[PDB]
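Next comes just one chain, in structure tokens: the form solved without ligand QUE.
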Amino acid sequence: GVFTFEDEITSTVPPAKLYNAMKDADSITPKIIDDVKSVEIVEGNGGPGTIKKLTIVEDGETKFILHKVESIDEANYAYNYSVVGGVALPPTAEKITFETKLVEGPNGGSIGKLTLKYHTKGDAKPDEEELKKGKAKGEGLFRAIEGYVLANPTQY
């Protein structure tokens, strides 16, 4: 089944700058996220349908995760990607979609909506810890992109 969760977030960074840096995640994320070592494009040009392989370390063991770029909408400052392979998918987990959408917020920052869509195998529900871990991951990646902008203001 599909189980959807939405979380409202904030940033001091304006939405145009965050959105630009969200599209730069393949170079930003290995720099800032210690465990993420590299991102390689398997198929595609970076747009919707693109498949990416990420190489990770988790206590000194190299592991791989596979992403699919789902959809990109400047119109709603939106960037959506799915985890389609790797450690985050237990056998009753088929896919996890992470959507980020941004709007202008008070005082020159941004209001974020983070959506987690947890796709399960038929009748199963998401495990409570797996949902927690999935949320933390989506939030961590957002904060990486944001972190990078705050640290490198002249780049966005």
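All residue numbers are counted from 1 along the displayed sequence. We call the rigid core the largest set of C-alpha positions that still match within 1.5 Å between the two forms.
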Of the two stretches 39-47 and 122-130, CA positions deviate more in 8 other deposited structures of this protein after rigid core alignment for 122-130
Avg C-alpha B-factor, entry values, 106-114 vs 83-91, higher side is 106-114
Looking only at C-alpha temperature factors in the entry, 16-24 or 141-149, the higher average sits in 16-24
From 61, 40, 127, 43, the top C-alpha temperature factor is at 127
Tertile call for residue 68 (CA temperature factor, within chain, third-based) is the lowest
Temperature factor at the Cα of residue 34, chain-ranked in thirds, falls in the middle
By the entry's values, the third containing the CA B factor of residue 122 is the highest
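Another form exists, deposited with ligand QUE bound; not displayed. Remarks below refer to it.
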Ligand QUE contact in the entry with it bound: residue 16, any heavy atom under 4.5 Å
no
### Task
Answer yes if any heavy atom of residue 120 is within 4.5 Å of a heavy atom of ligand QUE in the entry with it bound; otherwise answer no.
no
Exercise for the section: State yes or no: in the entry with it bound, is some non-hydrogen atom of residue 101 no more than 4.5 angstroms from a non-hydrogen atom of ligand QUE? Expected result: yes
Contact label in the entry with it bound: residue 114 to ligand QUE, heavy atom within 4.5 Å
yes
